[PDB]
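A.B. asks: Okay, handing you the structure first.
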Amino acid sequence: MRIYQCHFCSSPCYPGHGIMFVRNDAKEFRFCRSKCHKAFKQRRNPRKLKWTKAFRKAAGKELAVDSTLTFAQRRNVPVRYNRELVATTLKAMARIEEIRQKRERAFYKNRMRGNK
Amino acid sequence: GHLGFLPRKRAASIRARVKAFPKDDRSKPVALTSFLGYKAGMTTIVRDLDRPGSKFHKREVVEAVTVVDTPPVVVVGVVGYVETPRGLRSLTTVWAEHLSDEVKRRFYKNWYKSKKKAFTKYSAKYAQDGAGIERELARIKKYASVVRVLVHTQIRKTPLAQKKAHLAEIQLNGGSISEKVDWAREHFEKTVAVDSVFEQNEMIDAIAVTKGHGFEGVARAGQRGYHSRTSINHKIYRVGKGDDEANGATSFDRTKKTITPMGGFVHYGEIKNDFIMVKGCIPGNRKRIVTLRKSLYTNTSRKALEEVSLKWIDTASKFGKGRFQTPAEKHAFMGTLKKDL
Amino acid sequence: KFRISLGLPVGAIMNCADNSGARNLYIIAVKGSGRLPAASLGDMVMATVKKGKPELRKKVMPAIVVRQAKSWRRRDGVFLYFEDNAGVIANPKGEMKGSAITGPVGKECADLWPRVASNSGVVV
Amino acid sequence: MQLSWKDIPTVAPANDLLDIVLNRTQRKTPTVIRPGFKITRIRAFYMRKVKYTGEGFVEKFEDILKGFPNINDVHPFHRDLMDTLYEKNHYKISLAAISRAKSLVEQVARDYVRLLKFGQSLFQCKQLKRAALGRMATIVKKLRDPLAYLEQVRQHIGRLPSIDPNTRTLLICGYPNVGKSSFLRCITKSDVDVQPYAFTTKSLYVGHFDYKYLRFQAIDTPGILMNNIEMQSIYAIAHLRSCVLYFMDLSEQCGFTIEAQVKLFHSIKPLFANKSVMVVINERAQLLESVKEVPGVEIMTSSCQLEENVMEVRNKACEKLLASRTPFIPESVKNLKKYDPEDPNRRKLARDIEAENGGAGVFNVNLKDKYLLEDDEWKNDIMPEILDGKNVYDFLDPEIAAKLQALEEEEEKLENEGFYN
Amino acid sequence: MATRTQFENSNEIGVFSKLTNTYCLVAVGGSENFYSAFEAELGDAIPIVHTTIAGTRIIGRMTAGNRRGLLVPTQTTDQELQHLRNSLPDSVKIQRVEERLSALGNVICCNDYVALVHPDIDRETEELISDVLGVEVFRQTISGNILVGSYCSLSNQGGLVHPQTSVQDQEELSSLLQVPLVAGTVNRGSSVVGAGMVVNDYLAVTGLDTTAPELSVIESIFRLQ
RNA sequence: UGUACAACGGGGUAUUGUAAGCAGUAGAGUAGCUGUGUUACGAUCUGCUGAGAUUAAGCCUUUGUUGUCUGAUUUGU
RNA sequence: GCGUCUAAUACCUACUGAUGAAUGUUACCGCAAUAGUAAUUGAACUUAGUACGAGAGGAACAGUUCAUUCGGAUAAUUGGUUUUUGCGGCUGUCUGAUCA
RNA sequence: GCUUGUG
């Protein structure tokens, strides 16, 4: 099983959900619920839609770049199985979830300061 | 249409009684021939398909399964049957004297108006020095050749706006009927867990009333739906437990998310008690009582002997085009919002 | 041969996905399968070239559909579809007549036709 | 297929064909009619029955004609073979009779269809239908002898050898069963007896073998002394594009003298001497050497008691007919013994293991313990691949111990300052 | 060493399996006899692993590589990659390659020392192949066919080039690879030798339909004996 | 007359998509005061604002507010 | 029994549906005389390149895996489908002006 | 108390 961010909305694409498009350019475009796929069919730019993650990241509504983003890179070269490595990765992911939540909360607080 | 299922009249009652029971033997331990449950929505399942000779051997297969609530069932009585030229005849019935309020309500159409005298006199009679019950048990044991145990579902443990319990007879598949009544003595007022009867990878058949529609237009008008239907070769994928976490977890996913979809099931509540997961669909809509049985026959085929390898269970919100599996994941992906602060 | 979503109508014209000199295929037969008949990805169908060199015109030849363009449920759950209908021409034994196949090639079709996969440069 | 004719359908005996056709037309066509039926309805009923019977007869005759090949147009060699096995004129007569019977049946059916339309009574139409059916039956019965002849010739044509005269081949010839029968029995899988009596073989036995990966076929001549067998052998020697291997006997085998063999060879010499002849022999030998004087014949003494030498003769005949940075090999490969399919000590292949467990059917093989690891004790792992909605493969990598420490240090460098406020 | 085999009554051996001087890969088809066919001629000398690419039985033509390492297309799932790594010795490198196309086996024709790829292949793909596999990369085509990987086959002892390859092209390829090259057919006149058969420095596998002349030509060109 | 139920409200899940209004240096274009030269009008843009609205008439939950719990008839070995 | 390029294309009664007096009342459970009855055809690895066969060609059962047709069911994912006339925008456009 | 295959 694999999970990929929607090409349009960047939302997670769980197995058996959404739809995929194979244009003549021969690359996989993963899509979330129909709404965004139909929006893509209209050639709408996700970087300009107010309600999509791409615009928010580009517009700076949420933290555009963070150190935590580099830890979620899909490794290309395979790695030999190791139970200790699996457990350490699970612990690291558990800690990274909390760290990312804290950083996102801090960024949101630093963005809502304009309400004062 | 199929002439076999004609006539297409409506079912006699919401609950479809078991037409036949699995063959009986006098060597195996006593066990329940069938169990009662309630249809609870549907969900997707993805797992590796270990099947010799198949094109997708050792591959991943995505398929849909239904979820049926199966709260622990409690025994309330036993019915004995003697053999006669005119078929089986019920000679006597017994009760445990501790009938719950739910089963008492089943005998009344207007509970609040009633004085609630369901088993007061019977309860007093049972409270004698065993003469009024031991004699009946001995008579049942002496003559009865097959023993059926009366049980009902704990409706109070189900998120349904119905206090009325469902009472149906359950047959025993063996046990040297002397030992059948001995086991019944040891199970009066007790509850039988789902895991103590059924198990994963076991092939079972389901009998229930399918979705009804009403008047509908053999080139003639008539009733459509709401008929008893039996579906066989239904594989049990996951056996749920209502006394532990990780109900929806797997050795692969190993997440602490419950099987209940985000926001709850559509037109149904939340599954917290014991539940059963079977591939395909059962002929019955949501909030519908269903019964399970072991196919009435010994299934030695590969589809039966094969062992499931559940990898991941979908729990996204069936309410609309749900995408997030757990509230924590949604919060992490979406982040804090004006609602939080 | 696992079931896939059909939808190709009889008489449909699909682009020729090989450099054999043809550009379209006129499907007139659903040979190899048992009501309104229809073709599907990976199915061998006899067709006649409508647009192309005169040599290939008016003669029925076998063809294999490499693209359907209609949404179908893959056995792995993920739904996918192509941009347009396409097919390739080959002999009844599966030997690809075209030297090379162009455009996307269905994974399900390539798996069931090893010769097509060999001559197919773009799987999926 | 020009080299075989086993596809011919079996011919139906005189009575069998008529009975089969009558039953077929009776079963398919309607059967119940009444005198009160409309005249047009009875007309259509009888016309349909007669037409169906006629079409059945025509189809049977056409199938018989199509199956049986035209002797003239098959091949000169096959034509001569058939003319030796049968009579060309008689066979053509039978074919013409079949064609004429089919044409007469067609004409009678058409005429009766054109005639029955003017009947008045039901019995008149019934009598006309009986007339057509009886005419067809009489026409069929007139072919009682040719039908049997066709059946007999079909029963034999289907078992004739399918030789290809165009491809390279070798012919063995000589006096009846001088020993060439043993030569054929040892040069090819073909099993032929070598009994001492003259005509041990009564047909052109054929066998195939491969030399230098080139396909070769050999034909065993029954014998040469006129007779039909002798004519067939002569035609096979002449028409076939094959060399002829004459057989002789230095011993008393077959009870024939060398002089008789020499005389026969000289008598038949003119029509095969130019085909690259070879002579095999199983103080009169001086006269036998006179054959060496012929430019195109060579002789080599031998015997059937040492039939292991047939390979040398085969090789000679085939040659005469035709003339007319270091690699990376692991040391393990160069050390492991080659697998022996029958050695009791041979390693048990995965095929045997699967068969013992139940084969590729009821039993499914497992890949556990097959993959290498640092430790084999913990081989049993599930590889969750997912955790809290995040793919493990996006985090499964070495050195994570230092990355986690660095991340914790970075978090500590901000928690103390309360930057998250 | 030359052996005749068929995978589930299929003649295309080079499609259902990938074989090299250091490892061998076969499909996961229900017919295990295909694995036993390779085991008989190889045994435990080199690892033989059941594997697939995106669940396909065409792993042979979906992947390309040499003794130094193996390459897989983007369609290969991470689970398949980790299974291959676990089942493949660490001495052999594994590296996923991303391209518009997916058929790496048809697009890359290479041996233990040289590689021939699609002229318009990804720019970084040539560097990745040179690094992981340690072989030269040449943007060239043989027999006027774009799919060099399937049409042609290369090894260290020799190479069976397309039967229609010109004499000049054969001479140039032999001078570049420093190994003999001869044009011929396989699998009873099958022009796509690479898909029909696989070959290494010490073993050759061909379809059952392969006629005796084709087997002799394969033995001679690769100098097995 | 109590895990009783109804109507609202809150929370959970979803559809759509950034609201009425406020302030601004971001500001087409017109006027004045000849080089954001300056200031009024002012198409739009920016932050509040993944904000606002809907949310069961056949979704889930309920601790919060609040109301109800008695109207006639029939049935006998 | 089942189909008929594929293995092959030789004005009232009846009706399905739904009420309904009855026997001491009501209610729960169960048996079944009875009327109907269903699955269907092919391919795919085996066994096989074995038996057979000079060759060309090429068996079958036990077991396993798939698809067509016909029937009973489900919206778990996708499409259809919208008086949720839900949301946002827009056209003519009125409440004097702007929201609504 | 008609009808069905051999001029």
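Chain labels run A, B, ... following the order of the structure tokens; each chain numbers its residues from 1, and ligands are numbered from 1 in the order shown.
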With chain B as the partner and 12 Å as the cut-off, tabulate the residues of chain C that qualify, each row holding the nearest pair of atoms and their distance in Å to one decimal, using only C-alpha atoms, sorted by chain and rising number, as JSON lines.
C.D. replies:
```
{"residue": "C:1", "atom": "CA", "partner": "B:55", "partner_atom": "CA", "distance": 8.3}
{"residue": "C:2", "atom": "CA", "partner": "B:55", "partner_atom": "CA", "distance": 8.4}
{"residue": "C:73", "atom": "CA", "partner": "B:62", "partner_atom": "CA", "distance": 10.2}
{"residue": "C:74", "atom": "CA", "partner": "B:62", "partner_atom": "CA", "distance": 9.2}
{"residue": "C:75", "atom": "CA", "partner": "B:61", "partner_atom": "CA", "distance": 6.4}
{"residue": "C:76", "atom": "CA", "partner": "B:61", "partner_atom": "CA", "distance": 5.5}
{"residue": "C:77", "atom": "CA", "partner": "B:62", "partner_atom": "CA", "distance": 5.2}
{"residue": "C:78", "atom": "CA", "partner": "B:62", "partner_atom": "CA", "distance": 8.8}
{"residue": "C:79", "atom": "CA", "partner": "B:62", "partner_atom": "CA", "distance": 11.5}
{"residue": "C:108", "atom": "CA", "partner": "B:55", "partner_atom": "CA", "distance": 11.2}
{"residue": "C:111", "atom": "CA", "partner": "B:55", "partner_atom": "CA", "distance": 10.3}
{"residue": "C:112", "atom": "CA", "partner": "B:55", "partner_atom": "CA", "distance": 10.0}
```
A.B. asks: Output C-alpha atoms for every residue in that selection, as a tab-separated table (two decimals), in the first residue's frame.
C.D. replies:
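The resulting out_26.tsv:
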```tsv
chain	number	residue	atom	x	y	z
C	1	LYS	CA	-8.25	-12.90	-17.33
C	2	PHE	CA	-9.68	-10.80	-14.50
C	73	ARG	CA	-11.65	-0.35	-11.25
C	74	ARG	CA	-8.20	-1.92	-11.15
C	75	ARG	CA	-7.92	-5.05	-9.03
C	76	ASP	CA	-5.64	-3.04	-6.71
C	77	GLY	CA	-8.53	-0.67	-5.89
C	78	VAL	CA	-7.07	2.46	-7.49
C	79	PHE	CA	-9.25	3.89	-10.24
C	108	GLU	CA	-3.18	-5.20	-17.15
C	111	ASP	CA	0.87	-8.39	-18.18
C	112	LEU	CA	-1.43	-10.72	-20.14
```
A.B. asks: Kindly provide, as a PyMOL selection string, the residues of chain B having any atom no farther than 8 Å from an atom of chain G, counting only C-alpha atoms (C1' of nucleotides).
C.D. replies: chain B and resi 1-9+42-44+52-55+63-66+86-90+106-109+168-169+210+215+218+220-223+229+280-283
A.B. asks: Which residues are close to range 42-53 of chain F, i.e. within 10 Å by only C-alpha atoms (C1' of nucleotides), leaving aside same-chain residues fewer than 3 positions away? Reply as a ChimeraX atom specification.
C.D. replies: /A:50-53,56,61,111-116 /B:334-335,337-338 /F:16-20,22-24,26-30 /G:86-87
A.B. asks: Excluding range 49-52 of chain C and any residue of its chain fewer than 2 positions from it, enumerate the residues within 12 Å of it, using only C-alpha atoms (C1' of nucleotides), and give them as a PyMOL selection string.
C.D. replies: chain C and resi 11-16+19-28+46-47+54-63+87-89
A.B. asks: Please provide as a VMD selection string all residues within 6 Å of range 27-37 of chain A, with the sequence filter that same-chain residues fewer than 3 positions apart are discarded (counting only C-alpha atoms (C1' of nucleotides)).
C.D. replies: chain A and resid 6 to 7 18 to 22 40
A.B. asks: Could those selected residues go to a file with N, CA and C atoms, as a CSV table (one decimal), in the first residue's frame?
C.D. replies:
```
chain,number,residue,atom,x,y,z
A,6,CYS,N,-2.4,14.5,-2.9
A,6,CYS,CA,-3.1,14.8,-4.2
A,6,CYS,C,-2.4,15.8,-5.0
A,7,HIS,N,-2.3,15.5,-6.3
A,7,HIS,CA,-1.6,16.4,-7.2
A,7,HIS,C,-2.2,17.8,-7.2
A,18,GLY,N,-10.5,8.2,-4.3
A,18,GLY,CA,-10.1,9.1,-5.4
A,18,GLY,C,-10.0,8.4,-6.8
A,19,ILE,N,-9.3,9.1,-7.7
A,19,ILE,CA,-9.2,8.6,-9.0
A,19,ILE,C,-7.8,9.0,-9.5
A,20,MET,N,-7.3,8.3,-10.6
A,20,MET,CA,-6.0,8.5,-11.2
A,20,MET,C,-6.2,8.8,-12.7
A,21,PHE,N,-5.3,9.7,-13.2
A,21,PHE,CA,-5.4,10.1,-14.6
A,21,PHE,C,-4.0,9.9,-15.3
A,22,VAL,N,-4.1,9.2,-16.4
A,22,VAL,CA,-2.8,8.9,-17.2
A,22,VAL,C,-3.0,9.6,-18.5
A,40,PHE,N,-9.4,20.2,-11.7
A,40,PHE,CA,-8.2,20.1,-12.5
A,40,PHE,C,-8.5,19.9,-13.9
```
A.B. asks: Could you give me, as a ChimeraX atom specification, the residues within 10 Å of residue 120 in chain D, counting only C-alpha atoms (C1' of nucleotides) and dropping anything in the same chain fewer than 5 positions from it?
C.D. replies: /D:39-40,42-43,125
A.B. asks: Can you check which residues of chain E have any atom within 7 Å of chain G? Use only C-alpha atoms (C1' of nucleotides) and format it as a list in words.
C.D. replies: residues 8, 30 and 31 of chain E
A.B. asks: Filtering to N, CA and C atoms, could you give me those residues as a PDB file, in the first residue's frame?
C.D. replies:
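To be explicit, this is the file written out as again_17.pdb:
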```pdb
ATOM      1  N   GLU E   8       4.607 -21.511 -17.869  1.00  0.00           N
ATOM      2  CA  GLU E   8       3.167 -21.705 -18.022  1.00  0.00           C
ATOM      3  C   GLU E   8       2.786 -21.768 -19.500  1.00  0.00           C
ATOM      4  N   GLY E  30       1.716 -19.007 -10.461  1.00  0.00           N
ATOM      5  CA  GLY E  30       1.347 -20.174  -9.681  1.00  0.00           C
ATOM      6  C   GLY E  30       2.160 -21.404 -10.026  1.00  0.00           C
ATOM      7  N   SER E  31       2.696 -21.463 -11.242  1.00  0.00           N
ATOM      8  CA  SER E  31       3.492 -22.606 -11.685  1.00  0.00           C
ATOM      9  C   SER E  31       4.913 -22.436 -11.166  1.00  0.00           C
TER      10      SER E  31
END
```
